[PDB]
Structure formats: structure tokens, C-alpha cells
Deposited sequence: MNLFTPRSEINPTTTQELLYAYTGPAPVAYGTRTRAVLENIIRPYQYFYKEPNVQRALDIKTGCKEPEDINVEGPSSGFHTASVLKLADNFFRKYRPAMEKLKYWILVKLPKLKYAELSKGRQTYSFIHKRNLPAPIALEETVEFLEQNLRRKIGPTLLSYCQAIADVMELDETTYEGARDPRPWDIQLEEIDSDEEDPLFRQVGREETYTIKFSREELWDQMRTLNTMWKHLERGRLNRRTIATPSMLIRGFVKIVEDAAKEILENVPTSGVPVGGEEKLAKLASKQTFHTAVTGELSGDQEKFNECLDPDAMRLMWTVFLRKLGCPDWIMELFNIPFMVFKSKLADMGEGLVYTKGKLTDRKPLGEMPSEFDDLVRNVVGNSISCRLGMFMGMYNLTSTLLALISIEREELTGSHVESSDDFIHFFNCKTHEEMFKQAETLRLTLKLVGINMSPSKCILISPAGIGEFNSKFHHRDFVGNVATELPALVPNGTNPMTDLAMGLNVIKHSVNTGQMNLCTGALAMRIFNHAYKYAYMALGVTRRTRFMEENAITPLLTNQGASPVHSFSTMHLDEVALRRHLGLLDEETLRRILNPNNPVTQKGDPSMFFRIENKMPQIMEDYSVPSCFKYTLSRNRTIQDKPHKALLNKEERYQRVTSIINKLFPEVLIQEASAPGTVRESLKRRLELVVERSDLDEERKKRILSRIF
């Protein structure tokens, strides 16, 4: 580790890039996820009261509590209603133009949203076929079920789809005829299918010792989630305290550039949030949204539309999974919770078939932007006279006070406000440097006026697998995006180009002695393109140009070969030219 600590030429901050082993395989979760899911579901209830009383907390519907019950020493699971209201009001007042842009989006853009984009989601669990399916298939079958049970035609707009869902929720019995079976749902069964969340291992997650799961909602409630998340994105992109989803370059550099009169105490606090998703209450988020919309003069139906998904999540049913593992000396058996004593027996009362019903806490990957907004509203107070940037979990705060006592008071106030809204900053992962100038945030390491952007995942410098021209264009585009983003300078950019070029040439049998090279040698077919074996034509300053045009401008391609390979009548067939090499693979 001392090898990564240079103290002569560069700083340890510069070598922060050496503390990533992403060039190796990412850990993959193994076996049943029931233990992790149950731990995530139970964490909120233990933290609700200062002394863990899970049985008492399991009866609490809304996770609101008084400031006395807020734990200033360990994680807290609830929120303060009055504090949330006042903080939301302050946030609305301070960023009024952002709220006006949100109003413009609601009045103009929201009604014209199409639910076709709803087919871009993750693997959805079909409440008809009872298994995970690709998003387009689940959307298709759900829409067909809606048409069958409503005797009407769902409009192309997302609002129409949500209204259709709300209407079909009014039928005591619903039927789906599909080839040929007739699935019948009662109102309670369809409600359970709508509110049930499906948990899945978050495969290929780095920087974590323990694997954690994520949740996906049913296709029935995905429209409301999309509406709410789009509104959250619209409000966030116009707020200077947000680090997502837009580029963090400007966000982090803007605060790094700021200075003072060399007389005020300046501090930089970098931190993360402990159990971020296992402490937030959907009720707090929907209350914040209601405050925003009401102070914005929005109509009642908009407020109902925004609130519905949060209530549905509040009445969720988390899928337990395969079950907890029990041994019999040397055997192994996965059994559902409640069959035998375990660590989560307190939750046995909440078991509903193979699903566990929980009210507090959240699951990762569902309401990211709303969670970020909730974190942001809590920073708008009179005491907190300092800059703040937050990305879901990570956060960086800049304090500019008159004395160290004021700075520490402001830091503690920030911690306590985050507790107030239901977010606990991990004390072990929060570090404050004074004077300011050194910090870390969203894998960007800032030192004085140099912000080193370190990629969280090194680019997979290999062809995408579509076809030679498309693959080359996409790979060069990826390298250029990584370079101009600051994650790779000129030398490492050229090195990445060389590595990708070697991999790309190998993938198409153009490097050594293969069938392709043998054929081109026997028939004296000179290699004129990179995928054929020709020396690379792109460079550091020419990753945005097409191979064919660039070669033609350089004379490396002649009119005869150009007319031969670009002929549209060739029986073979992103800004790559449609040449004869733009073929398609069989399977």
C-alpha cells in the first residue's frame, strides 16, 4: 500500500486511481437471496426506536415520529412530519424557477408521454404467466389484459394507461384469455399482484463486501413510477445541489473553484449514507411531493396521480425468494421463513404466502431520484450556509464559516437534518477536512483545483459483437467519451485504443494465422480495412471519424475497392457507412 503513496512527484490523491481492481472479475452473488432480503426488510424496524422494539414498530403504518425518538447516535428509520413540511416549503421557495420548470413539464410534457417507453424497463414478473419476462412482452400482455377487462382501447399516452389501471382496479373480477387459458383474478389477488415487489440479486456490483438485492415493481404500477421519476428528474436537473443524473464535471468543479478571503474557515465533508434505502419512508416522499405540487398550484388529480405509487409501495409485498438455508449436520434444505426458528422470526406474522409484507424502509433501484430529492430538501435551513451536492447515497458538503465552532455546529446540524428527514450519514464513512481543498465524491477526487475523474468501471475495450464497422465505431466512441470525460488522458487514451484495436482484430480472425488470413493470402486479397488486418487509421484526434471516409481521404482506399464494398447490391447487407462488412451474424 505504501507503493500507492507517492510523496515526491504526485500526491496520494493522484494515485486514487490505483485503488481500483475493476480490471478483475466483479463478484457474483450465489444462492438464495432470502437472508439479504429479510435483513433489508428488518433493518428499518430495529432502527425506528432507540432501543430495538421490532414487535411494537411492526404495527406502525406511517413512519412518522417525534424528535425525541430520533436516534442521534445510531441509524434512525422514521421521519418528522413538521420538519419535512417546513423543509419542503424552504426548498420550494429557494429554487422557485426549478419548480416553475416542473410546472411547465407537468402542464405540457406530462400529458403527451407515451407508455411505449414503458417497454424499456427491467425483466418484469408477469402476474399472468408468473415468471420474469422482458419488459416489452410484459407490457404487451398487461395492455392486452387491460383491453380485455375494460372493453375499451387504451390511449397511446401514459396518463391514459394509468387511468386504465385505476379503472381496472375497480372490478371485483378480471379475466385474461391467452393462447388457450383463462386466468381469473379477484380484486384482492390483482391488488396483491400490483403491490408485490420482486427482489433480485444485484449481480456485478463493485466496492461492496456483502451482496445486496434490488427490487422491481409490477408492470401495473410502473407507469406511475415512471411519471414520478420523470418529474423528479425534471426538478433535479435545474437544482444546483444535485449530482445526478447529469454530468458531475460541472457540479464538482464549480464548488472546487470557489474560494474565500483567506480569513474564513473553509471545510469539506465527504460522506455516504448508511442503509440509505432501508430507512426512507415512502410517506415522507409522497408528503414532499404533495407539498411541492400544492405550493405550485397543481390540480387535485395531479396530486393523486403522484401520490398513488408511494401508497402502493407503502403497501408492498416483497418476494422472499428461495428461502433460508438449514442444515441437518451435513445436509442442506432451503425452507421459507416461519417453518422453523431463525433470526427473522419477528417478521413471521407478516408472511403472505411466499411474500413478506413490510411498510417501512425501501428497496434499492426503485425511487432513486425521489430519494435524492428528499435528501436535498433537508439541506435548506437557515443554519446551513454552505454548498451541498448529493447523488442518491454519496454526498459532499462545503462549509464556509467564520470560526471552527460554527463549522462544527453546521456539520452537526447537517447530520441532524438528514436524520430528521430519515437519512443517516454513515459516521465511519464521513470525513471532514479543514481547510477545504481535498475531498471525494461520486468517484471524483478533488485536490485544490484538480478534479481527477476515476471511472467506476473500466470500459470493456472489446467489440460489441454487432459487426466490424459498427463495433469499431462504438469502441472508438466509448474511448473518446471516456477521454473527454477526464477518465483517461492522452497517453492512457492511446493505450486503450491499442488494446481495443488488438482485441477487435482478434475477434474477427485478422491477427495471426486463421481461416480468414489464410483465405486472404491464398487469393492475394490485400487487407485494406482495420478488421481485415490493415494498420489502424484512427488516432487520438480522429476517433470521431469513420474508417472508410478517413481512409479514402488518405488514399488508402481506391475508387475500385470503394465501389466494390459500398455497392448497395452486395448480398451481405452508430455513424459507420453501410458497406459490405456491415453484415449480421446467424444466431
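Comparing the deposited sequence with the modelled residues, the stretches lacking C-alpha coordinates are 180-208, 603-622, 637-710.
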